[PDB]
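Given as structure tokens, the chain that follows is alone and in the form deposited in one PDB entry.
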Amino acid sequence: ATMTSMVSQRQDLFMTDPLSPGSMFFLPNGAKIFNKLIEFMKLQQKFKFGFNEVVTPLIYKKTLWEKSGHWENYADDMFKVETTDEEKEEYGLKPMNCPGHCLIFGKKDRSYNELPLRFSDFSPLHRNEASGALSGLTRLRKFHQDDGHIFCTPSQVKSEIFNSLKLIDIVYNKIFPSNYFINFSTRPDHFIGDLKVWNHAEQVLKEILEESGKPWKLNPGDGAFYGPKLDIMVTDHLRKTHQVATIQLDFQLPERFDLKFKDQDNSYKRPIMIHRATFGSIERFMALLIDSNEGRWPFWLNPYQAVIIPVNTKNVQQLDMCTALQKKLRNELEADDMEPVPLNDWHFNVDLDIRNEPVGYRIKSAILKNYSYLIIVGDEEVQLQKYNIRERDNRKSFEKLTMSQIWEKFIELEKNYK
């Protein structure tokens, strides 16, 4: 939070305003990061773990929330929506995507052949959290979940949760590095449904925990009102734990919505529903990212990937060399004709500091902003037609690379999420 605010000020990441407490503004550099993470998650979800993104309403009539049980469970924690006409039924601004995905499931007849049916959803969610509980980006009033719900059969539940934990291991152990433990969170005192169903639901998660081999801890009575959950817990540099990813086993909402599919014996069965998020919310995940990296973004995430600095800022040969590298790496098009920007090209975040200042000043400035690479161009470089390029960390080990070597180096960096 204090760390978040320092990095945000240095890098122009975010802003807040009392005219909308607990909602973030992502400034252009903040949104660059936000979007890259979403792009990353969407790729894994659509093209590896078999998810299908939907786009759902944000407001729903009171009746819907009464059906799902939320209007009950979270009555104060829900923002209410009204029209100028006092006769119409009131609305709720959504704090969860799941009743909407239940409406989708049950709008048409479903066949066992389309299960597991996996829906992802990146809608903004609103929760009227207690003002005293709000905190930077970790606990907000408006936030974005990398949300998904799976509809499946009893025999599918375990592999679906193991797949969900695979994606969690890819995020927290491989791409964004022991790294977490699981809270097994059981039946709360306010719950819906039969104690026998709840007991069976807890039984499943217990056996999954055992087979997974992963470290875990009982977290009594902190389950969702509709189901027990596996809560993935990360520790920040002050030894504080934070719930991010989560897998929730839900036998209750399919019952509230009377969800049905037809199986091979030509009869109707009730699906089981799995709630799941891997980032948790994009905002909280970003806060923990910053807490750990202190502004030192990996190359592929960095809103400041390289800066180019000419020793002599009014020298034509240096300038022309700097500009040409910038045009190459940004890979943009001019606004004055009609050729459109193609899909799936590379574009890198490369700036050109030609302020009339000593080189050491501009370098100092770029180090404070945590540029991944520093590219200096002087008369030596103009002769060689190579650029002098420095990584953020290794101040000593320079390289002299051509235009195309830097291009290829950067592409290789993004391919490998490095």
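Residues that one form lacks are left out of the comparison. C-alpha atoms forming the largest set that superposes within 1.5 Å between two forms make up the rigid core. Note that residue numbering begins at 1 and tracks the sequence as displayed.
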Quick one: is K88 left out in at least a third of the other entries we compared?
-> yes
In the entry, residues of the deposited sequence missing between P215 and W216 amount to none
What stretch has the higher average Cα B-factor here, 95-103 or 218-226?
-> 218-226
Residue range whose averaged C-alpha B-factor is higher in the record, 360-368 or 26-34 = 360-368
Candidate set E294, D76, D147, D250 [ranked by C-alpha B-factor, highest] = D76
Can you tell me which of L43, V382, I59, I375 has the highest Cα temperature factor in the record?
-> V382
Where the record places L325 (Cα B-factor, split into thirds across the chain) = lowest
Considering only modelled residues of the same chain, in which third does the CA B-factor of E283 rank: lowest, middle or highest?
-> lowest
Among the chain's modelled residues, which third holds the C-alpha B-factor of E207?
-> middle
Chain-wide C-alpha B factor ranking for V55, given as lowest, middle or highest third = lowest
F261 by Cα B-factor - lowest, middle or highest third of the modelled chain = middle
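Another form, the form deposited in another entry, is not on view; read the next lines as being about it.
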Fix the rigid core, compare C-alpha positions between the shown form and the other one, and report which of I192, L209, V81, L103 shifts by 2 Å or more.
-> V81
Once the rigid core is overlaid, which residue runs, three or more long, move by 2 Å or more at each CA between the shown form and the other one?
-> 74-89
